[PDB]
Each structure stands twice: as C-alpha cells, then as structure tokens.
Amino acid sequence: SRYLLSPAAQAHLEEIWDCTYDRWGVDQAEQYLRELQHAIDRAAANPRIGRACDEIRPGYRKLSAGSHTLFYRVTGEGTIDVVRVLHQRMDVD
C-alpha cells in the first residue's frame, strides 16, 4: 500500500538511476528503478516478507531486491519505512 522513504534512500534511488543512465541509457535506468519499486511494493503490502534482523538493529527487516537490499522499519501504522537501500556487497545474510 503506502510506504515512506528516508531522505538517504530517496537520494540513493536518484544516484542508482543516474549511474545506470550513464552506463546503459534511459530505458535501462527506468526499468531497474521499476524493479526496485516492485520489491518496495512487495514489502509494503506484507511487511513480514522481509526477514526480521533485530540482531543488526532492533525493529528492522530486510528484503533482497536483486543487487540491492532494502532495510526497513514498520511505522506507527501498517506502513513500512525504507531507511536504506544498500548494495548487496554489504548484505551479511
């Protein structure tokens, strides 16, 4: 349904787009951001598809989104708050 992105996460979406555009052009840029949007939409409909990761930081869940990972909390409603979108190289499993 609805979701929130942190300022950090929004800025990273923009950097991903720009990086992909420079290397691959506008359609590749747009489709990869849409791929990330599908993963964000997946989590926002059922926040529990993400694996709980309190051992990283209390309250967070994580969801693999291809070559990135979404790290997110669930706010005072049923709403997910995407705090960071990190490259998979940082994902510990």
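Each residue number is its position in the shown sequence, starting from 1.
- As recorded in the PDB entry, 22-30 is the stretch of 22-30 and 35-43 with the greater mean C-alpha temperature factor.
- Within the selection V92, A8, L4, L86, the deposited Cα B-factor values reach their highest point at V92.
- In the PDB entry, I16 places in the middle third of its chain by CA B-factor.
- Compared with the other modelled residues of the chain, the Cα B-factor recorded for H68 ranks in the lowest third.
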